[PDB]
Amino acid sequence: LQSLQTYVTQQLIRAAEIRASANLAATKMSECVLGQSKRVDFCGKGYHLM
Amino acid sequence: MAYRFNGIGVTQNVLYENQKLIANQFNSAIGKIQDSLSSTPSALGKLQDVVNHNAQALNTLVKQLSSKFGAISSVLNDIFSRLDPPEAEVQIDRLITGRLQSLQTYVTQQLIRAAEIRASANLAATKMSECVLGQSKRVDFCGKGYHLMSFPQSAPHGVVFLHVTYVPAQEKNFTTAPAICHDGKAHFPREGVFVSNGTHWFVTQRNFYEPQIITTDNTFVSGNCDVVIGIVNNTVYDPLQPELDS
Amino acid sequence: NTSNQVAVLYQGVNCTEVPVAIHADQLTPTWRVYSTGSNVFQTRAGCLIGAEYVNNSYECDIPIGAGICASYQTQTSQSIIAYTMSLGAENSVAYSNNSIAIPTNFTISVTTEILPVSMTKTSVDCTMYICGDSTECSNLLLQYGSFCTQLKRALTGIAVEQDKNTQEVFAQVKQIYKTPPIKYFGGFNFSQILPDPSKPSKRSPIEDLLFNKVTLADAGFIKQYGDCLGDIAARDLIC
Amino acid sequence: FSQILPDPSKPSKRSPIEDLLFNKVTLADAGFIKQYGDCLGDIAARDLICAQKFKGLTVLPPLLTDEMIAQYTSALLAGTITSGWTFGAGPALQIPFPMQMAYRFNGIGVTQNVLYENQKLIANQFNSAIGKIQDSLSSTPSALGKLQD
Amino acid sequence: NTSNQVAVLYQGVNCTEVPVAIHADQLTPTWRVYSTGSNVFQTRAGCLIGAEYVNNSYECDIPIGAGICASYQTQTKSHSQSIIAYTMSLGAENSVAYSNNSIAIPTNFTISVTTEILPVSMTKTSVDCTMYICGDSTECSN
Amino acid sequence: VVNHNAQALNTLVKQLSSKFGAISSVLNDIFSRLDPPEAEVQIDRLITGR
Ligand SMILES: *[C@@H]1O[C@H](CO)[C@@H](O[C@@H]2O[C@H](CO)[C@@H](O)[C@H](O)[C@H]2NC(C)=O)[C@H](O)[C@H]1NC(C)=O
Ligand SMILES: *[C@@H]1O[C@H](CO)[C@@H](O[C@@H]2O[C@H](CO)[C@@H](O)[C@H](O)[C@H]2NC(C)=O)[C@H](O)[C@H]1NC(C)=O
Ligand SMILES: *[C@@H]1O[C@H](CO)[C@@H](O[C@@H]2O[C@H](CO)[C@@H](O)[C@H](O)[C@H]2NC(C)=O)[C@H](O)[C@H]1NC(C)=O
Ligand SMILES: *[C@@H]1O[C@H](CO)[C@@H](O[C@@H]2O[C@H](CO)[C@@H](O)[C@H](O)[C@H]2NC(C)=O)[C@H](O)[C@H]1NC(C)=O
Ligand SMILES: *[C@@H]1O[C@H](CO)[C@@H](O)[C@H](O)[C@H]1NC(C)=O
Ligand SMILES: *[C@@H]1O[C@H](CO)[C@@H](O)[C@H](O)[C@H]1NC(C)=O
Ligand SMILES: *[C@@H]1O[C@H](CO)[C@@H](O)[C@H](O)[C@H]1NC(C)=O
Ligand SMILES: *[C@@H]1O[C@H](CO)[C@@H](O)[C@H](O)[C@H]1NC(C)=O
Ligand SMILES: *[C@@H]1O[C@H](CO)[C@@H](O)[C@H](O)[C@H]1NC(C)=O
Ligand SMILES: *[C@@H]1O[C@H](CO)[C@@H](O)[C@H](O)[C@H]1NC(C)=O
Ligand SMILES: *[C@@H]1O[C@H](CO)[C@@H](O)[C@H](O)[C@H]1NC(C)=O
Ligand SMILES: *[C@@H]1O[C@H](CO)[C@@H](O)[C@H](O)[C@H]1NC(C)=O
Ligand SMILES: *[C@@H]1O[C@H](CO)[C@@H](O)[C@H](O)[C@H]1NC(C)=O
Ligand SMILES: *[C@@H]1O[C@H](CO)[C@@H](O)[C@H](O)[C@H]1NC(C)=O
């Protein structure tokens, strides 16, 4: 029983991190595509075109 | 309202000529929110679950109390009254270890859930600070389409935002050219693009049809009529000519 | 609450093997009709029994796997249906060398978004939950160390952060303003969001409609001792 | 733009760069699932993918298959190349490419008269960059470390 | 570092049974006389003993629940500094006279500087299992 | 950040003093007093507790 529970706990933590990345990617889909962005070096290096 | 429009490309003169047709549309749009909220039973689901979890796990913990954990009985008084010390400690240790281990699971799950809610609240704080106390050009960050204004409202353990947005509706075809040619020189438009209905040529804004007559007061000069591709010859008007003929 | 039909999915098995299960055979699940097949389907996730396949595509409601969804609609007087997902409506764009398109008239819309901001606070008592007013249980418990010393801190962390969240979200302005006594604004109409003086409480119609659409848990704590002794002898979960 | 648009000749409508991206990354096994009758015979290629299925640990296929992912992601490239950014708000509006690029330069404080004066110079540069990127994804496999972990 | 007086809070009680809320009639006389309720106050979160209720308003220091707070003051009496509890106040009440044909414009400006602080990393640590679990006993090693 | 962790490192030392219901906290006394056949009934509690 113990050797099961520990495993589950680890999974939960990892889940959070992955979401913390995916929720970032969505924003980069809707601010550096579908439009131009003036935030400095948010996408690429130097000024941004496409 | 005019200054709000000015930030997304629409010229200041549009609003002052269409005031009533905007006021009525805004009132009609506000009038639908009650029905929109009342239509779907899952309008507030994102809040409801937040309660249910914390109103459920606790219950399970109480139901946890019935396990005997490999002892001979569940209630604690029976072990004390029915048996003798030299092994009663051996009997008790199982129950104490089981319950002390059970409580930690609840503690850890509460930590993780609070850790998630902290991030959600931080995102809500950014939305409140950026999209009701100014204006944002980040596309799709606040609402769908372009952004004008927002209004907040409170609710049990949460907030609801109302966003106001501006959307073009009806569109028309046109034939265009990149630059214009005259007397060996080439003219470019300061803002907007050249639009021709098949008979003449005009300039216009990028988001609302409003023709004007081409002059030297809204274009400028660069290069020469040789390099650009697709250029078309035409005429150019000068405002000082009909005034200097006197 | 609506119907009584069911469908079964066997996970990741070639359901030619499924007929092995037999009602009279030594086995706990021994259902008859779903073991055999009158209309069966095969998916990369397993085998589906009880469903009827249809080629017409709809925006699907409940998921199964491998891009297959099930739904309940009046086909022919009605039975459950499974189908492949529909990506969405399609269009086309008339690209050209020297053609443009521009708008001529505008419309205004309003949209709604919802966000949670905090969670309910809680507290536990270490000794009562583990001994239940036993006498020497406390003596036997005092030896094991300091779990009861640190659980309280672990919970107090959340109990103190849950108020910092709300204090930070709603306090971006210091002063307190108020609307002018006259509600004229050149044509618009804000009577649905401003607070209503006639209500005995300082609230607004949208907030009032919101408050009654969520079932908050029991609370009030005005008086608690001896409540479940009298007319609440039918014990409620809270006490 | 022939190096990032789908090729109808390919069996499953995958862009050439996507083939290199899939083949560089290695999965746990050639197939996502090992069905009940697949592992009856102890072929040497049978790894831990199905040996642990006897202990109640299972994996499940995801909801959206890769083909639907490709169909979604081709739509964005189709939209951006032919309509600019305006299709992220309402009805789509067509507009020729060069004026879109002119708008892009005007966005960052360079008067558009530059673009129309050097158009043929820009293309010969741009096409050189894309053709390089493939080599940059074949020199070393250290670029895609994260997707392995 | 300042004084010695304290205040006691009982949670979720009609403390009209304060001798019964805690069976102090079997405890020390000091808690017995602190249970007499010299001057009690009632809040939605319970009741408070050892402080006086005031009709003023201030921003508060020590949170207590249900929008009440408590602090330590000296100006209430002639000198005899004591603990008080009061309802928290949000801030100054101000209004702007709206009018449909008049605006305001600034004439003079100023420059300010402000500070922000952020943690970037925590310290690094490591633990050994075998040495800590028993500490040099071969029987544990087995 | 400097404070909390330090405290979280001190308490782990103090838990080394609790007896966990065994005969004695010191690990050498059990092997210097009891016999090999029966010390295993006691060592298990300490091992699990730590
Ligand atoms: C844009 O189109 C709208 C239609 O959405 C038109 O609004 C008309 O407004 C008048 C006065 O309120 C109504 O009597 C008409 O019935 C509306 N038209 C329709 C089709 O219902 C109008 O052509 C344009 N309005 C603006 C503000 O640009
Ligand atoms: C104006 O342009 C639009 C968009 O380019 C045209 O809309 C479609 O154009 C395609 C061209 O292949 C036709 O097949 C469709 O029938 C058109 N309509 C729709 C609803 O898709 C439009 O035809 C052009 N002209 C007008 C008067 O709108
Ligand atoms: C502002 O709008 C609200 C709602 O659209 C108006 O209030 C409604 O007025 C109608 C009369 O036409 C009544 O039948 C409803 O019962 C009212 N509802 C509510 C919630 O008040 C209000 O009259 C409008 N204000 C102005 C100045 O026109
Ligand atoms: C704007 O306000 C500043 C205050 O910081 C004024 O600056 C002071 O002006 C007085 C009046 O001559 C001087 O004696 C001070 O030395 C100035 N500096 C400071 C730091 O006080 C400034 O004059 C104001 N603007 C105008 C146009 O008068
Ligand atoms: C183009 O607009 C001019 C404006 O005066 C008008 O005279 C002409 O008839 C229009 N031609 C077409 C084809 O719309
Ligand atoms: C446009 O007019 C100019 C006269 O300045 C002429 O040189 C040029 O060839 C003309 N172009 C076309 C396409 O007729
Ligand atoms: C259950 O179904 C009946 C009729 O089909 C309906 O009136 C009722 O509202 C349904 N239950 C709920 C909770 O909606
Ligand atoms: C499943 O069984 C059918 C026969 O019923 C057979 O034709 C097919 O190849 C089998 N597939 C797998 C993956 O076992
Ligand atoms: C659905 O399409 C398949 C493939 O064309 C066909 O065999 C089947 O008969 C269709 N379903 C119906 C109900 O016609
Ligand atoms: C667009 O112009 C190019 C050359 O500039 C030509 O090859 C192509 O056929 C033209 N297409 C249309 C639709 O005019
Ligand atoms: C307990 O306090 C509440 C506070 O409002 C009061 O209404 C109630 O009457 C009190 N109970 C008793 C038994 O006095
Ligand atoms: C304090 O306020 C309460 C509530 O209005 C009032 O009953 C009481 O008389 C006030 N005390 C003084 C000294 O004014
Ligand atoms: C300017 O007008 C506001 C009302 O709009 C008023 O409160 C203020 O006192 C006026 N300024 C001065 C210097 O009186
Ligand atoms: C400004 O408000 C006054 C007060 O109601 C009103 O009489 C006047 O008509 C308003 N101005 C305009 C332009 O409507």
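Just so you know, the numbers here start at 1 and follow the chain as drawn.
According to its header, the structure was obtained by electron microscopy, 4.1 Å.
Each Cβ is built from the backbone N, Cα and C atoms, and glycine gets one as well.
Among C:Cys137, C:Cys148, the one Swiss-Prot lists as the disulfide partner of C:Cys131 is C:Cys137. Record note: among C:19-38, C:159-178, C:19-38 is the stretch given as region 'Disordered' by Swiss-Prot.
Swiss-Prot lists a disulfide bond between C:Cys47 and one candidate from C:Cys15, C:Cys69, C:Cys126; that candidate is C:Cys15. Proximity of the recorded positions C:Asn1, C:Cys47, C:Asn55, C:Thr74, C:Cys126 to ligand 3, judged by a Cβ distance under 6 angstroms to any of its atoms, singles out none of them. Taking the C-alpha positions, the distance from C:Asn55 (N-linked glycosylation site) to C:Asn14 (N-linked glycosylation site) comes to 23 Å. Taking all protein chains in view, 7 other C-beta atoms sit within 10 angstroms of the C-beta of C:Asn97 (N-linked glycosylation site). Checking the recorded positions C:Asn14, C:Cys60, C:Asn97 for a CB within less than 6 Å of any atom of ligand 10 leaves C:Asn97, listed in sequence order.
Here the candidates are the recorded positions C:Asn14, C:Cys60, C:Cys131, C:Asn189. The one whose C-alpha lies nearest to that of C:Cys239 (disulfide bond) is C:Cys131.
Closest to C:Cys228 (disulfide bond) in space, going by CA atoms and restricting to the recorded positions C:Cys47, C:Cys60, C:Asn105, C:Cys131, is C:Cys131.
According to its DSSP assignment, C:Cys131 (disulfide bond) is helical. Using Cα positions, the member of the recorded positions C:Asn14, C:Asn97, C:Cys126, C:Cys137, C:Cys148 nearest to C:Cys69 (disulfide bond) is identified as C:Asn14.
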